[PDB]
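Presented as structure tokens, the chain that follows is alone, the form solved without the DNA.
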């Protein structure tokens, strides 16, 4: 997808967007984003039935199309993340030696049903996800590494970003300005083809069901722009 085609279908110029902007939010309305896709790929205890978190995201995403808004969940956490994001980015650049360009949203294909919003695009080809955990507890969990350091929601997010962008690796950094030392830590996560195939299978079905639900109440995807 090119910058004029987005403008052509949404009326918004991607070149003039600043993460958090009204336009930034509008572009993600009804779109399956990386932060939420862990809900799409949840499988049940057993059988073919969608778990509550999957049904809940489905309904949330449908509501975005029909209201043209996304309420913000966790206002404290979000303000904290926005306060320290650029410090996290700068420190990632500094410590890694890798240069970072900020990217507007990247749609996977012309349907614009699937996107991510990288916190950076790196000079070596890799994307960048940045987290400023609201609790130093969660920083520490990541920082200590080992089994279960990276929560599966965030692995889903990182892999989905690689699915959307076609890319092969992704940096995943946490920053905590309250840590007296060791406050910036990152890892490289490699494209996992088990995740890619899961998205290839499950994501189109999720889009189809959304189209059915929207049709049932006289809505069509795209209306929100």
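Basically, rigid core = biggest C-alpha set you can superpose within 1.5 Å across the two forms. Residue numbers count along the first chain shown, from 1.
Only in words, not in the display: the form solved in complex with the DNA, which the text now covers.
Among 132, 112, 100, 91, the residue placing a heavy atom within 4.5 Å of the DNA in the deposited complex is 132. Contact check for residue 193: every heavy atom lies farther than 4.5 Å from the DNA in the deposited complex.
When contacts are judged by a 4.5 Å heavy atom cut-off, residue 75 counts as touching the DNA in the deposited complex. Remark: residue 169 does not count among the residues lining the DNA in the deposited complex, judged by a heavy atom distance of 4.5 Å or less. The shortest heavy atom separation between residue 51 and the DNA in the deposited complex is within 4.5 Å. For a residue to qualify, one of its non-hydrogen atoms must sit within 4.5 Å of the DNA in the deposited complex; all three of 56, 81 and 137 qualify.
With the two forms fitted on their core, the C-alpha shifts between this form and the one not shown stay under 2 Å for all of 87, 93, 72, 102 except 72. Here's the thing about residue 168 and residue 147: their CA atoms end up at least 3 Å closer in the deposited complex than they are in this form.
The pair residue 98 and residue 146 is at least 3 angstroms closer at the CA level in the deposited complex than in the present model.
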